[PDB]
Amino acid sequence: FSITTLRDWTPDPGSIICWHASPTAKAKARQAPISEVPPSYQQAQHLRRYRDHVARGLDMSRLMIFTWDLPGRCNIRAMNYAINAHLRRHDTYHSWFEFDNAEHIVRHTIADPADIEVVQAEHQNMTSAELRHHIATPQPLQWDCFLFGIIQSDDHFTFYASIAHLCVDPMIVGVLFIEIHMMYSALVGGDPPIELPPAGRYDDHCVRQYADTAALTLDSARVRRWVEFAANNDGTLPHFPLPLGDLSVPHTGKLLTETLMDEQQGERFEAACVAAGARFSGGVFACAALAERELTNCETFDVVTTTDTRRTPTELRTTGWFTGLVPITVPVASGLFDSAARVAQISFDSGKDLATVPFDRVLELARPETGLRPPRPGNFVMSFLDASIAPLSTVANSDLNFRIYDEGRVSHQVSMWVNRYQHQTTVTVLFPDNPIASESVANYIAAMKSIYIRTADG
């Protein structure tokens, strides 16, 4: 729900109890054998980017950081069980990666998950600033790229989780709610550990993804579609359509959050989508496009949006990085919401089949004549998340004050998350911290909101 920059987090004073991998666990990890399972395309792109930033002296964002609040005194024994069981259950915590001679990514996999163990210790005189630094330390080229802990106050405590994006995606929220919070509540309630269905294996997804992408050629229809999209955006993925200042200097990422609609406005907005022959999501991309139209007078809107490529029951039970990209194109010659939402809905829906084709694969298949290239800083990525019905709902509609923290590290792009909740629809944007980018983003959000409200109140 709430998304704040880590540097602005002011935890309540209290004792910091933090779980670190044990020395034995670290030794066992170091001697884990090589696996023939590759990194997913998502993991691979991430690891290459992380390597490159390290080589340039830059500190790259690479974490998902959550907290939530509990009353009273934490049962350390129960929490230790919950965390260790969580780590042992999901195979994304059982592998680690490294680059060999050349840029080939090697996977190592711990053979016996029982060897994985984290152990709690108090950070005796750790200050708030030191804790902010500490929680942001995990990085993708260590096996133990995660931290879990608690801040124990007199009569309440706060639980924090910091997990490398390498191992997870937004689905982790729901999973943590069950496997930390519900598990802990069971144990302190006097019950045995909650029984869970078998976890899916992310390794299997990596294997399938490589088999599927290997079946593609430069002339395959889905590849040609990505090629045409990129060619309509100067050989790469779409750039943010407004000036963002000089991105050759490493500004940190800044957050802008805004409420777009209250509950009533949301109901009316969805009704407007339905009347236009679209759904809420179509309206979301229509509003992004019409906002660009208002500020630039463009005829067509191009962006990529993130989507969860899980499909089977087993994948739905799999923790890991399943995010794929859908290429959104919305023609906005008319400037009306109805046609924009209709066509946007078609682009989103028909584009789902393209989300399982990583654009890195397209770049592999492309030749010099194809005229493609990887994006420069300033690319534009959207996301629509329906937190009103998804398991997120259970978290969002829970009494726990669940919070997300951006690490506030160097930013090369604009990420825009539109989130529908039970009682409001909000937008959050992460972007480079300079006055030009701040002005552009602020104007884009203001226009977009005005279009949301205008549509709702027709």
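From 1 onward, residues are counted along the sequence shown.
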On mean Cα temperature factor in this entry, is 69 to 77 or 247 to 255 the higher one? 247 to 255
Between 168 to 176 and 94 to 102, which has the larger average Cα B-factor in the PDB entry? 94 to 102
Considering only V418, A27, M60, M64, which residue's Cα atom bears the greatest B-factor as recorded? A27
Top residue by Cα temperature factor, when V427, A396, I404, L47 are compared in the entry: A396
Among the chain's modelled residues, which third holds the C-alpha B-factor of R342? highest
Would you mind ranking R361 by its C-alpha B-factor against the rest of the chain and naming the third, lowest, middle or highest? middle
Relative to the other modelled residues in the chain, which third contains the C-alpha temperature factor of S40: lowest, middle or highest? lowest
Could you place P313 in the lowest, middle or highest third of its chain by Cα temperature factor, using the values in the record? middle
Pull the Cα B-factor of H86 out of the PDB entry and bin it into the chain's lowest, middle or highest third. lowest
